[PDB]
Each structure stands twice: as C-alpha cells, then as structure tokens.
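**Student:** What follows is final.csv, made up of CSV, N, CA, C and O atoms:
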chain,number,residue,atom,x,y,z
M,1,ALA,N,180.4,-4.3,41.8
M,1,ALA,CA,179.7,-4.1,43.1
M,1,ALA,C,179.2,-2.6,43.2
M,1,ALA,O,179.3,-2.0,44.2
M,2,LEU,N,178.7,-2.1,42.1
M,2,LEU,CA,178.2,-0.7,42.0
M,2,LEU,C,176.7,-0.7,42.4
M,2,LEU,O,175.9,-1.2,41.7
M,3,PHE,N,176.4,-0.1,43.6
M,3,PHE,CA,175.0,0.0,44.0
M,3,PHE,C,174.7,1.4,44.4
M,3,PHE,O,173.8,1.6,45.2
M,4,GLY,N,175.3,2.4,43.7
M,4,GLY,CA,175.1,3.8,44.0
M,4,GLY,C,175.6,4.2,45.4
M,4,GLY,O,175.1,5.2,45.9
M,5,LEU,N,176.6,3.4,45.9
M,5,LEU,CA,177.1,3.8,47.2
M,5,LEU,C,178.6,4.3,47.1
M,5,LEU,O,179.4,3.8,46.3
M,6,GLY,N,178.9,5.4,47.8
M,6,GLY,CA,180.2,6.0,47.7
M,6,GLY,C,180.1,7.5,47.8
M,6,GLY,O,181.1,8.1,48.2
M,7,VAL,N,178.9,8.1,47.6
M,7,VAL,CA,178.8,9.5,47.6
M,7,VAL,C,179.2,10.1,49.0
M,7,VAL,O,180.1,10.9,49.1
M,8,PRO,N,178.6,9.6,50.0
M,8,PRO,CA,178.9,10.0,51.4
M,8,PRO,C,180.3,9.5,51.9
M,8,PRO,O,180.8,10.1,52.8
M,9,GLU,N,180.8,8.6,51.2
M,9,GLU,CA,182.1,8.0,51.5
M,9,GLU,C,183.2,9.0,51.0
M,9,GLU,O,184.3,9.0,51.6
M,10,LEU,N,182.9,9.7,50.0
M,10,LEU,CA,183.9,10.7,49.4
M,10,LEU,C,184.0,12.0,50.2
M,10,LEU,O,185.0,12.7,50.3
M,11,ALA,N,182.8,12.3,50.9
M,11,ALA,CA,182.8,13.5,51.7
M,11,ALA,C,183.7,13.3,52.9
M,11,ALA,O,184.1,14.4,53.5
M,12,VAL,N,184.0,12.1,53.4
M,12,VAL,CA,184.8,11.9,54.5
M,12,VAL,C,186.3,12.0,54.1
M,12,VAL,O,187.0,12.9,54.7
M,13,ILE,N,186.7,11.2,53.2
M,13,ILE,CA,188.1,11.2,52.8
M,13,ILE,C,188.5,12.6,52.2
M,13,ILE,O,189.7,13.0,52.3
M,14,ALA,N,187.5,13.3,51.8
M,14,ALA,CA,187.7,14.7,51.3
M,14,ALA,C,188.4,15.5,52.3
M,14,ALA,O,189.5,16.1,52.1
M,15,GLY,N,187.8,15.7,53.5
M,15,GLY,CA,188.4,16.5,54.6
M,15,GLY,C,189.6,15.8,55.2
M,15,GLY,O,190.6,16.5,55.6
M,16,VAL,N,189.6,14.5,55.3
M,16,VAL,CA,190.7,13.7,55.9
M,16,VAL,C,192.0,14.0,55.2
M,16,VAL,O,193.0,14.0,55.9
M,17,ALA,N,191.9,14.2,53.9
M,17,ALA,CA,193.1,14.5,53.1
M,17,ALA,C,193.4,16.0,53.1
M,17,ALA,O,194.5,16.4,52.9
M,18,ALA,N,192.4,16.8,53.3
M,18,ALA,CA,192.5,18.3,53.3
M,18,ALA,C,193.3,18.7,54.6
M,18,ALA,O,193.9,19.8,54.6
M,19,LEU,N,193.2,17.9,55.6
M,19,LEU,CA,193.9,18.3,56.9
M,19,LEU,C,195.4,18.2,56.7
M,19,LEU,O,196.1,19.1,57.2
M,20,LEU,N,195.9,17.3,55.9
M,20,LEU,CA,197.3,17.1,55.7
M,20,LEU,C,197.7,17.9,54.4
M,20,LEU,O,198.8,18.4,54.3
M,21,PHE,N,196.8,17.9,53.4
M,21,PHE,CA,197.1,18.5,52.1
M,21,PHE,C,197.0,20.0,52.3
M,21,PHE,O,197.6,20.8,51.5
M,22,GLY,N,196.2,20.5,53.3
M,22,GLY,CA,196.0,21.9,53.5
M,22,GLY,C,196.7,22.4,54.8
M,22,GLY,O,197.7,21.8,55.3
M,23,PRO,N,196.2,23.5,55.4
M,23,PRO,CA,196.8,24.0,56.6
M,23,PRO,C,196.5,23.1,57.8
M,23,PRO,O,196.0,22.0,57.7
M,24,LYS,N,196.9,23.6,59.0
M,24,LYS,CA,196.7,22.9,60.2
M,24,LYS,C,197.5,21.6,60.2
M,24,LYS,O,197.4,20.7,61.1
M,25,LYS,N,198.4,21.5,59.3
M,25,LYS,CA,199.3,20.3,59.1
M,25,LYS,C,200.6,20.5,60.0
M,25,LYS,O,201.2,19.5,60.4
M,26,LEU,N,201.0,21.8,60.2
M,26,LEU,CA,202.1,22.1,61.0
M,26,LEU,C,203.4,21.4,60.4
M,26,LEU,O,203.9,20.4,61.0
M,27,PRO,N,203.9,21.9,59.3
M,27,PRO,CA,205.0,21.3,58.6
M,27,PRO,C,206.3,21.6,59.4
M,27,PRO,O,207.3,20.9,59.2
M,28,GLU,N,206.3,22.5,60.3
M,28,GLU,CA,207.5,22.9,61.1
M,28,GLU,C,208.0,21.6,61.8
M,28,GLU,O,209.2,21.5,62.1
M,29,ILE,N,207.1,20.7,62.1
M,29,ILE,CA,207.5,19.5,62.8
M,29,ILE,C,208.3,18.6,61.9
M,29,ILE,O,209.1,17.8,62.4
M,30,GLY,N,208.0,18.6,60.6
M,30,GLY,CA,208.7,17.8,59.7
M,30,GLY,C,210.1,18.3,59.4
M,30,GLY,O,210.9,17.6,58.8
M,31,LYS,N,210.4,19.5,59.9
M,31,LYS,CA,211.8,20.0,59.8
M,31,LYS,C,212.7,19.6,60.9
M,31,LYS,O,213.8,19.2,60.6
M,32,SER,N,212.2,19.7,62.1
M,32,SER,CA,213.0,19.3,63.3
M,32,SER,C,213.0,17.8,63.5
M,32,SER,O,214.0,17.1,63.6
M,33,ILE,N,211.8,17.2,63.5
M,33,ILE,CA,211.6,15.8,63.7
M,33,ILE,C,212.0,15.0,62.4
M,33,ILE,O,212.3,13.8,62.5
M,34,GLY,N,212.0,15.7,61.3
M,34,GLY,CA,212.4,15.1,60.0
M,34,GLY,C,213.7,14.5,60.1
M,34,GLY,O,214.1,13.6,59.3
M,35,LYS,N,214.6,15.0,61.0
M,35,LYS,CA,215.9,14.5,61.2
M,35,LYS,C,215.9,13.0,61.4
M,35,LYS,O,216.6,12.2,60.7
M,36,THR,N,215.2,12.5,62.4
M,36,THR,CA,215.2,11.1,62.7
M,36,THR,C,214.2,10.3,61.8
M,36,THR,O,214.6,9.3,61.2
M,37,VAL,N,213.1,10.9,61.5
M,37,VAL,CA,212.1,10.3,60.6
M,37,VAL,C,212.7,10.0,59.3
M,37,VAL,O,212.7,8.9,58.8
M,38,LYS,N,213.4,11.0,58.7
M,38,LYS,CA,214.0,10.8,57.4
M,38,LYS,C,215.3,10.0,57.5
M,38,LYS,O,215.6,9.3,56.6
M,39,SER,N,215.9,10.1,58.7
M,39,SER,CA,217.1,9.3,58.9
M,39,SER,C,216.9,7.8,58.7
M,39,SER,O,217.7,7.1,58.1
M,40,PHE,N,215.8,7.3,59.2
M,40,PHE,CA,215.4,5.9,59.1
M,40,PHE,C,215.1,5.6,57.6
M,40,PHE,O,215.4,4.5,57.1
M,41,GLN,N,214.4,6.5,57.0
M,41,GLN,CA,213.9,6.3,55.6
M,41,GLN,C,215.2,6.0,54.7
M,41,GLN,O,215.1,5.2,53.8
M,42,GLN,N,216.3,6.6,55.0
M,42,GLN,CA,217.5,6.4,54.2
M,42,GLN,C,218.0,5.0,54.3
M,42,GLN,O,218.6,4.5,53.4
M,43,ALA,N,217.7,4.4,55.5
M,43,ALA,CA,218.1,3.0,55.7
M,43,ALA,C,217.0,2.0,55.2
M,43,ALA,O,217.3,0.9,54.9
M,44,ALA,N,215.8,2.5,55.2
M,44,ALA,CA,214.6,1.7,54.7
M,44,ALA,C,214.9,1.0,53.4
M,44,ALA,O,214.5,-0.1,53.1
M,45,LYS,N,215.7,1.7,52.5
M,45,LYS,CA,216.0,1.2,51.2
M,45,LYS,C,216.7,-0.1,51.3
M,45,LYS,O,216.6,-0.9,50.4
M,46,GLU,N,217.3,-0.4,52.4
M,46,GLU,CA,218.0,-1.7,52.6
M,46,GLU,C,217.1,-2.7,53.3
M,46,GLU,O,217.2,-3.9,53.1
M,47,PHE,N,216.1,-2.2,54.0
M,47,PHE,CA,215.1,-3.1,54.7
M,47,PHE,C,214.5,-4.0,53.7
M,47,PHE,O,214.4,-5.2,54.0
M,48,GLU,N,214.1,-3.5,52.5
M,48,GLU,CA,213.5,-4.4,51.5
M,48,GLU,C,214.4,-5.5,51.1
M,48,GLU,O,214.0,-6.6,50.7
M,49,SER,N,215.7,-5.3,51.2
M,49,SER,CA,216.7,-6.3,50.9
M,49,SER,C,216.9,-7.3,52.0
M,49,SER,O,217.3,-8.4,51.8
M,50,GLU,N,216.6,-6.8,53.2
M,50,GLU,CA,216.8,-7.7,54.4
M,50,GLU,C,218.2,-8.2,54.5
M,50,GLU,O,218.4,-9.4,54.7
M,51,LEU,N,219.2,-7.3,54.5
M,51,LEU,CA,220.6,-7.6,54.6
M,51,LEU,C,221.2,-6.9,55.7
M,51,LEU,O,222.1,-7.5,56.4
M,52,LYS,N,220.8,-5.7,56.0
M,52,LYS,CA,221.3,-4.9,57.1
M,52,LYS,C,222.8,-4.5,56.8
M,52,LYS,O,223.1,-3.3,56.5
M,53,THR,N,223.7,-5.4,56.9
M,53,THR,CA,225.1,-5.2,56.7
M,53,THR,C,225.6,-6.0,55.5
M,53,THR,O,226.0,-5.5,54.5
If you took the structure in this file and wrote it as structure tokens, what would it be?
**Tutor:**
Amino acid sequence: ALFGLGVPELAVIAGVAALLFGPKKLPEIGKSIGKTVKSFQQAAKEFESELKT
C-alpha cells in the first residue's frame, strides 16, 4: 500500500513524541502521582491472569 504517502504523517508523530520524550513533560508528577499509578501496575501483573486472589 505504498503510494508515496507518509511524509507529512511523520511530521506529526515527530512532535507528539517530542512532548513526552523531551521537556514540558513535567516528570515531577510521576514522582508524587507515581505512587498510585505504579501501585496499580504492581497488581496489573495479576490482571492478565484474571485470578485476583
């Protein structure tokens, strides 16, 4: 499905990823909020198992 399309499509994802990959991401939030966010991730490992207890 190659029709020479995608050039302008890469220009978008480029910055979209630069926002999180670069500055203006405010990682400080991942430190305080990471408590709950990461807290669930630790249990997510069991989610795939669908057992809970």
**Student:** Distance atom O of residue 14 in chain M-atom C of residue 32 in chain M, one decimal place?
**Tutor:**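 Result for atom O of residue 14 in chain M versus atom C of residue 32 in chain M: 26.2 Å, one decimal.
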**Student:** So that I can check the secondary structure, give me every residue of chain M assigned helix (DSSP H, G or I) by backbone DSSP, as a ChimeraX atom specification.
**Tutor:** /M:7-21,28-32,34-47
**Student:** In Å, with one decimal, what is the gap from CA of residue 42 in chain M to CA of residue 30 in chain M?
**Tutor:**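 So the answer is 15.4 Å.
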**Student:** To one decimal place, how far is CA of residue 52 in chain M from atom C of residue 31 in chain M in Å?
**Tutor:** 26.2 Å
**Student:** Extract chain M from the structure I just pasted (atoms: C-alpha atoms) and return it as a JSON list (two decimals), in the first residue's frame.
**Tutor:**
[["chain", "number", "residue", "atom", "x", "y", "z"],
["M", 1, "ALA", "CA", 0.00, 0.00, 0.00],
["M", 2, "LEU", "CA", 2.90, 2.33, -0.79],
["M", 3, "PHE", "CA", 1.69, 5.42, -2.66],
["M", 4, "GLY", "CA", 4.30, 7.93, -1.51],
["M", 5, "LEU", "CA", 2.16, 8.84, 1.49],
["M", 6, "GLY", "CA", 3.55, 9.24, 5.00],
["M", 7, "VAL", "CA", 5.95, 12.18, 4.71],
["M", 8, "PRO", "CA", 3.54, 14.66, 6.35],
["M", 9, "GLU", "CA", 2.40, 11.90, 8.71],
["M", 10, "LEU", "CA", 5.87, 11.62, 10.26],
["M", 11, "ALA", "CA", 5.99, 15.37, 10.90],
["M", 12, "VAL", "CA", 3.06, 14.99, 13.30],
["M", 13, "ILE", "CA", 4.14, 11.99, 15.37],
["M", 14, "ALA", "CA", 7.56, 13.64, 15.49],
["M", 15, "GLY", "CA", 6.48, 16.42, 17.83],
["M", 16, "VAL", "CA", 3.78, 14.35, 19.51],
["M", 17, "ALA", "CA", 6.55, 12.12, 20.86],
["M", 18, "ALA", "CA", 8.95, 15.01, 21.47],
["M", 19, "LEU", "CA", 6.50, 16.43, 24.02],
["M", 20, "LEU", "CA", 6.86, 13.40, 26.28],
["M", 21, "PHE", "CA", 10.35, 12.41, 25.16],
["M", 22, "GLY", "CA", 11.58, 15.95, 25.72],
["M", 23, "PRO", "CA", 10.86, 18.83, 28.12],
["M", 24, "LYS", "CA", 7.45, 20.20, 29.08],
["M", 25, "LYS", "CA", 6.70, 16.66, 30.24],
["M", 26, "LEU", "CA", 6.79, 17.59, 33.93],
["M", 27, "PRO", "CA", 8.23, 14.35, 35.37],
["M", 28, "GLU", "CA", 7.69, 15.73, 38.88],
["M", 29, "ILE", "CA", 4.12, 14.48, 38.56],
["M", 30, "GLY", "CA", 5.34, 10.93, 38.02],
["M", 31, "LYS", "CA", 7.07, 11.07, 41.39],
["M", 32, "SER", "CA", 4.12, 12.04, 43.59],
["M", 33, "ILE", "CA", 1.32, 10.61, 41.46],
["M", 34, "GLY", "CA", 3.51, 7.64, 40.59],
["M", 35, "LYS", "CA", 2.58, 6.25, 44.00],
["M", 36, "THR", "CA", -0.94, 5.26, 42.93],
["M", 37, "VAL", "CA", -0.19, 4.90, 39.22],
["M", 38, "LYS", "CA", 2.67, 2.49, 39.86],
["M", 39, "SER", "CA", 0.75, 0.92, 42.74],
["M", 40, "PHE", "CA", -1.81, -0.49, 40.31],
["M", 41, "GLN", "CA", 0.86, -1.57, 37.83],
["M", 42, "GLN", "CA", 2.22, -3.90, 40.51],
["M", 43, "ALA", "CA", -1.16, -5.64, 40.58],
["M", 44, "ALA", "CA", -1.66, -5.48, 36.81],
["M", 45, "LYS", "CA", 0.72, -8.44, 36.58],
["M", 46, "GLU", "CA", -2.14, -10.49, 38.04],
["M", 47, "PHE", "CA", -4.80, -8.89, 35.85],
["M", 48, "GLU", "CA", -3.57, -10.86, 32.84],
["M", 49, "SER", "CA", -4.12, -13.98, 34.95],
["M", 50, "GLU", "CA", -7.65, -12.92, 35.88],
["M", 51, "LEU", "CA", -7.44, -14.53, 39.33],
["M", 52, "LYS", "CA", -7.29, -11.58, 41.72],
["M", 53, "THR", "CA", -6.91, -13.74, 44.83]]
